[PDB]
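Here's the structure, in C-alpha cells; my notes come after.
Only the coordinates and a few stated rules stand behind these numbers; no lab work does. Because the Cβ atoms are built from the backbone with ideal geometry, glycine has one as well, and the counts that use them run over all protein chains shown.
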Amino acid sequence: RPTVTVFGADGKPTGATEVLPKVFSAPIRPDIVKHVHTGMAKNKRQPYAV
Amino acid sequence: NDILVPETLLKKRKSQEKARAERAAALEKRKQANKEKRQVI
Amino acid sequence: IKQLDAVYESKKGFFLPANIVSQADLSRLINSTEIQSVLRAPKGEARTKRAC
Amino acid sequence: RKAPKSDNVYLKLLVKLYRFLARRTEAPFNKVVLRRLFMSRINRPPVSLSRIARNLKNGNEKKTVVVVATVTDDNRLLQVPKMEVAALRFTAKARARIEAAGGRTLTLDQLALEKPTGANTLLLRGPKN
Amino acid sequence: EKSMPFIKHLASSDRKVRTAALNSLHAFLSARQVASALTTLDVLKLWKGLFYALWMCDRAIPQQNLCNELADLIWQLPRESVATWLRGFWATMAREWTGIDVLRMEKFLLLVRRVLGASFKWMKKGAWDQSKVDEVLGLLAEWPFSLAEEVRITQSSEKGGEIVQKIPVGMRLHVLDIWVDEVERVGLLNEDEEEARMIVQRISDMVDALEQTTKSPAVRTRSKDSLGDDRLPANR
Amino acid sequence: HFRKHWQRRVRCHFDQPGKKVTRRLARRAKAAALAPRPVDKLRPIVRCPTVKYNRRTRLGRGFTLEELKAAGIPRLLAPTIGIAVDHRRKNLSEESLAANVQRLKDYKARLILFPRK
Amino acid sequence: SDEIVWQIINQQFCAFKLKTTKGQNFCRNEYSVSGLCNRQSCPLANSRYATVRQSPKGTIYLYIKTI
Amino acid sequence: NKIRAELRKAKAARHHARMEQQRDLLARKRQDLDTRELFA
RNA sequence: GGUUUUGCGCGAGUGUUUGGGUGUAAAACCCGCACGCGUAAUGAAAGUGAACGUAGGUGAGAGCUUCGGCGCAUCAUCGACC
Ligand SMILES: [Zn+2]
C-alpha cells in the first residue's frame, strides 16, 4: 500500500496523505523479537544477594 | 451486475473437467480388463 | 512518519534487512497457475477409504 | 525429516512450499532443495561470488544459479559476470555486485514460480570444513 | 515536463477520491497536445497509479466495471500513442505480477482479459486496418509471447539509462488461456472473411514458435492446450 | 587463576550509569562556574611516539614555549585564556612547529576576549 | 502476510484463545463461525471471512470481511 | 639486536597493513517511478 | 576461563554499552577513536613468500539437459607452485 490517510482533531480525514516508510514492509520475525525482549527485560534488573 | 466467475476458478474447473473424463475413461478400461481377467482365471 | 524514513537511513552499520521470501502468501505460491500447471495427478484423497 | 530446526517463520514457509513440490512433482531438484533446507547452518556453508563464477565460466552460462545457502562477496574477484542467482540470503556487497554487473537476485519462492521443476538451473554448495 | 496532480489520489483510501482521480485521468488523456507528447515514463507513472486504483477496489461489482473503465481508456488516446500506452500496461503487469496476493489476483486477471479484449476490438476500422493489427500483434509478440526472457525499455545514450524487465511465466500462461475466447468475442473466428484467418494464423504461429523455442515445462504444456482448443480453424 | 581468595576482592559495577550521570553533572557544574568559557583547554596536535603509531597524531599536554612565541601569544597570558602550556616538550622539527602554530592562530581567530573590569 | 499472521496467532499468543485440557482449543472472538481455534475458522488469520450473528432486537445478520 | 629489530618491524607492518585494509574496504563501500517520490 | 552442538544477526569481516552524546533517567536510543579475534603460510634461524595449463588433467559423483552433453561438494591419482 502506497499511502496512508491523515485524520484531524475531529476524527475525519483532512485529505492529506503520506507515503508509508519501508520499515513497515520489514520482515516480521517473532524469534528475533522474543530473543531480544527476553534479554532487554533483564537490563532493568537490580541486584539482590543474601 | 451479474458477478462473474473468478478466472482462477475457471481454470480450476477446466482441469477438473479433464480429470473427471480421464477417470471415467480409465474406469471403463479397468472394467473390461477385469472381465477378461475373470475368464482367464 | 516523514521522519521515520530518515531515522532508519541514518543508523550506521544497519540496512533494512531483505526477507528470505519475496511473497509471504503461501496460497499465492501453491495455488498459482505456474505451479499447478506442472503438477502431477493426485495419488489419493484427503480421506482414504478402508480397502479391507 | 519431520520439523525444520530453524526458528525462522519464513524458512518454515519455504519448507511448506518445497514439501508440496517434492510430493507432487517427479523432479529430484525439489527433493534435494527440501533436504538442504532441513540441514543445519554449518551443513550449509556460504558460497562466494568467486565460486559461482567458476561454475559459470564453462558453457553453463545463461543458467539460473541456485544456492540454498547465503551468498558472500569475494574481494579477489575483480570483475563479476552477468548472472541470475537464487539463494536464501545475500550480503550487501554481494547483492550490489550482482546488480552492478546487470544480473538479477532471486529468492527461493521466486524460483518456485519461475522454474518449479528446476529446469535450466545450476545447483551449487560451498566448501565443507 | 508534465503536471500529474492526480496519481496520488488514485491510491487514496476513499472511493470518492479514487473516482474523482479517475475522472482527472480521463480528461488528461483528452488533452490532444499533451497526449501527443506522452512518452514512456509518464505512462509508467499513470499505470502505476491505475494499478493501485484496482488494488484499492473493494467488492465484485465495483471491480468489474473498474476493469471495463481501464480497458475503455484505449479509445480516448490519439492514434500515435496507443502503442506506448499498451507498452506501459504490460510493463506494469510484468513488474508487479508476483507481489499480488491471492484474493487480489482475480481482479488483476480480469484486467488483463479486459485490456486484451479492448486491444483486439481496437483492431477494427478490409474491416481491419493492417497498420493497427501490426502494433497490437507485435506487442503480443514482445510482452506475452516473446522468445526472449527480458524486455529493454528506452535506449542507451548520454541523456539516460535503461529499464530491464523480466517476463513472468504466469503472465505467459494467463494470456495463453484467454487468447482463444477474446478473439472469439471480437469475431476473428468466423471462417468466411478473407482477413480473419490471417490474424488468427499469425497469432497461432507466434505461439507455436513459443512452444518449440521455450525451456519452461509450464509454457510447453499450456501452449499445446491453447493450440488444441476446439474453436480454432485448424482443428475443425 | 582462582588460587587466592578471589571472593574478598571482587569489584562489581552496578554504579556504571550512576557514575555516568555524576560525571555529566561535574561537566555541568564546571560550565556553571565558567559560563562563557569552554569546559576544557586547548591542547596541541602531537605525533604518537612508536613506529606502530607514527602515522597517527593525537592531543598532547600543552604547547611549546616556541609555539606560543611564533603565534604571538604571550606565555604568562596563555594559561589565563585557556591554553595549556608544557615546558617539557620540544619541537625538534618544523612540521611539528608549523602544525601547532597554525592551531594557535585558528584559536586566535575564533576567540572573544573580554576587557578586564 | 495471511500465513505469517497465523503462525504468530497459533504458536506465540492470541488474546482470544482459551486452552482447555479436553483436547480442543476455543476462540473467544465474537466474529468466529465456530468457537474453535483452527486455521479455517480464525477470522484474524483469514483475510476473507464470513460470520452469522444475532442482534438484540432478534435480527440475524451475515458479516463479510474482504482483503 | 637485529633479531629484536625485525620483530618490532614485523608487528608494526602487520598493524599498518591492517589499517590500510580498513581504508581500502571503506573506499569499496563508496563504490521518478519510485513510490516515495511519485506519491509524495 | 576452555570445548561441542542447535537457533539467530551480520558476513571478509565482526563486536554500541571503557567512554561520550542523550533520555519520559540505573531503562530505551545514537557513536568518534582505538582495541580483541579473523581475513597467507613456512622455517630453529637469516628470512622468504602462493597461477605454465578453464588453478590443471583423468575417473567417479548430486543436480540439469536442446538427450547431444554440462557437471556442486567431496574422494582417488597424475600433476603445478611456495
Ligand atoms: Zn484463533
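Each of C:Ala46, C:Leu29, C:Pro17 was scored by the projection of its Cα onto the charge dipole of chain C, and the greatest displacement toward the positive side belongs to C:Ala46; charges sit on the C-beta of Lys, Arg, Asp and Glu. Helical runs assigned H by DSSP (4 residues or longer) give chain H a calculated mean residue ellipticity at 222 nm of -27500 deg cm²/dmol, each run adding -39500 (n - 2.57) before division by the residue total. Highest mean first, the peptides G:57-63, E:227-233, D:17-23, E:61-67 sorted by other C-beta atoms within 10 Å per residue fall in the order D:17-23, E:61-67, E:227-233, G:57-63.
Per-residue Cβ counts within 10 Å, from other chains only, averaged over E:102-112: what number is that? Mean inter-chain Cβ contacts per residue within 10 Å come to 5. When peptides F:42-48, A:22-28 are sorted by average Cβ neighbour count within 10 Å, with the highest value leading, the order is F:42-48, A:22-28. Calculated FRET efficiency, D:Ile42 to H:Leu26, Cβ-Cβ distance, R0 = 45 Å: about 0.90 to the nearest 0.05.
Looking at chain C, which trypsin sites (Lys or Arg not before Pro) are DSSP coil and have at most 16 other C-beta atoms within 10 Å of their C-beta? Within chain C, the qualifying trypsin sites (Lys or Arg not before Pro) (loop, at most 16 other Cβ atoms within 10 Å) are C:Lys11, C:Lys12, C:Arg40, C:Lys43, C:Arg47, C:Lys49, C:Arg50. Suppose we flag chymotrypsin sites (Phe, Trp or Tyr not before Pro) only when DSSP calls them loop and at most 13 other Cβ atoms lie within 10 Å. Which is the longest uninterrupted stretch of chain F? Longest gap between qualifying sites, sites excluded: F:15-117. Taking every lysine pair in the stretch D:1-122 that is 8 or more places apart or spans two chains, those with Cα atoms closer than 15 Å amount to 11.
Computed from the C-beta positions of F:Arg56 and C:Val7 and an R0 of 35 Å, the FRET efficiency is 0.60 to the nearest 0.05. Take the Cβ atoms of E:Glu194 and E:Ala60, set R0 to 30 Å, and the FRET efficiency comes out at 0.15. Inter-label distance, G:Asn25 to B:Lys31: 4.8 nm, where each label sits 7 Å from its Cα along the C-beta direction. When the trypsin sites (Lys or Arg not before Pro) in the stretch E:1-101 are filtered for DSSP coil states and for at most 11 other beta-carbon atoms within 10 Å of their beta-carbon, the remaining sites are E:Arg59.
Using a cut-off of 26 Å between Cα atoms, the listed pairs A:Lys42/H:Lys29; B:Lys37/C:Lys49; B:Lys12/E:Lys16 include A:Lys42/H:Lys29; B:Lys12/E:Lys16 as exceeding that distance. For chain F, modelled as a GNM whose springs connect Cα atoms under 10 angstrom apart, the maximal fluctuation among F:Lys41, F:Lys52, F:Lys90 occurs at F:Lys52. Restriction of the GluC sites (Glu not before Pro) in chain B to DSSP coil positions whose beta-carbon has at most 15 other beta-carbons within 10 angstrom yields no sites. Within chain D, the longest segment free of exposed loop sites, counting GluC sites (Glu not before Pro) that fall outside DSSP classes H, G, I, E and B and have at most 12 other Cβ atoms within 10 Å, spans D:62-129. Antiparallel DSSP bridges in the protein assembly as shown: what percent, to the nearest 5? Here the share of antiparallel DSSP bridges comes out near 60 percent.
Computed over the stretch E:101-236, the quotient of the alpha carbon radius of gyration and 2.2 N^0.38 Å is 1.13. For the stretch E:150-165, there are no residues whose amide N sits under 18 Å from a probe point set 7 Å from the Cα of E:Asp134 along the beta carbon direction. Charge dipole (Cα centre; +1 on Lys/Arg Cβ, -1 on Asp/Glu Cβ; no other charges) of chain D amounts to roughly 520 debye. From the Kirkwood radius over Cα pairs of chain E, Stokes-Einstein at 37 °C and 0.692 mPa s returns a whole-number translational diffusion coefficient of 174 µm²/s.
Comparing D:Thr72, D:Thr107, D:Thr25 in a Gaussian network model of chain D, where Cα atoms under 10 Å apart are tied by springs, the biggest mean-square fluctuation is seen for D:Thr25.
Label positions at G:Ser1 and G:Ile60, each projected 7 Å from the Cα along the C-beta direction, are separated by 3.7 nm.
Legend: mean number of C-beta atoms from other chains within 10 angstrom of residue C-beta atoms, peptide F:44-54, equals 2. Once divided by 2.2 N^0.38 Å, the Cα radius of gyration of the stretch E:24-111 becomes 1.10. Taking label points 7 Å from Cα along the Cα-to-Cβ direction, B:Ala21 and E:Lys224 give a separation of 1.5 nm. Highest mean first, the peptides D:35-45, E:210-220 sorted by other C-beta atoms within 10 Å per residue fall in the order E:210-220, D:35-45. Counting only other chain Cβ atoms within 10 Å of each residue's Cβ, the peptide G:2-11 averages 5.
Of the residues G:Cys27, G:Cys42, G:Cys14, the one that moves most in a GNM of chain G with alpha-carbon contacts below 10 Å is G:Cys14.
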